[PDB]
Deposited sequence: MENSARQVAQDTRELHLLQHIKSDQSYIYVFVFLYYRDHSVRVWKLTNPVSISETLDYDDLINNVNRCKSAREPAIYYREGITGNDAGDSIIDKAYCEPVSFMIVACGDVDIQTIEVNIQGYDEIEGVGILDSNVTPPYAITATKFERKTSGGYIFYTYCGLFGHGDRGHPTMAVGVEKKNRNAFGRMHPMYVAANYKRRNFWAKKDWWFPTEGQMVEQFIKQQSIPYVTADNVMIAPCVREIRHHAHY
């Protein structure tokens, strides 16, 4: 029964699943999960065939389901410039998790969290494009699920400037060989796909409900707050030893 052609069709499907990761036919993904004090989750999907580059602005990072604005916004724009009796908005996120999956090269990831104005450092002419805390690759945890590999990074936004967050996120698809996905003979085909797809969001009342209704349904790699991995698992198939 193990060598039945029907089983080999199943083997084909599973070899396809693992090889599809490395193939040019798959997308890379970064999912940004935002956890609020009401226990709800806002989720952003960032995705591209070869290159993810996105800003999540303040309005993308606050809870837009359990929600004049300028009175508060002016106070997070300039020091002591507010006219609000509310010091910190309830709907600012408590914590985040970044899940990088598909064929990401984690060594190329950047997660650059700033305050409301997006300006690193003391003034715009002194801002660095890559502050040290944006070089997050080595702080991701490498998770495995069978032959699948994904990466997680989680943290707290806090009660300071980054409690009114903006975030720039970018990552490249891993290229294990030398022909660049932006080499002149390829560039125009990938440039045509620079916005496949624009950032997309959803909201869920709790993490447990999101796991059942979205994480499992879309087979998105994930780790819950209690540190349980929720991910599809494709066991490795190979006819010969691997180094």
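What stretches of this chain's deposited sequence are missing C-alpha coordinates? Deposited residues absent from the model fall in 68 to 73 alone.
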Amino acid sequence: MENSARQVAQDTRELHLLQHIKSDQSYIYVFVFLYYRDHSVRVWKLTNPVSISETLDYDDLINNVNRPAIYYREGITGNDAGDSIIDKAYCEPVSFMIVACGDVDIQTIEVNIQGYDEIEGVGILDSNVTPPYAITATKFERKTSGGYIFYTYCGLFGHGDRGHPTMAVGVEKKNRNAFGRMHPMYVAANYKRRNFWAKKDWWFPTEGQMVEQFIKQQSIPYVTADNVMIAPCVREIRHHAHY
From here on, numbers count along this sequence of modelled residues.
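Is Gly180 in the lowest, middle or highest third of its chain when residues are ranked by C-alpha B-factor? Its C-alpha B-factor belongs to the middle third of this chain's values.
Looking at the temperature factor on the CA atom of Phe196, which third of the chain's modelled residues does it land in? According to the entry, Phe196 has a C-alpha B-factor in the chain's highest third.
Using the temperature factors of the C-alpha atoms in this entry, rank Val104 within its chain: lowest, middle or highest third. Within its chain, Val104 is a middle-third residue by C-alpha B-factor, going by the deposited values.
Chain-relative CA temperature factor third for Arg142: Highest third - that is where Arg142 ends up once the chain's C-alpha B-factors are sorted.
Chain third (lowest, middle, highest) by recorded CA B-factor, residue given as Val41: Lowest third.
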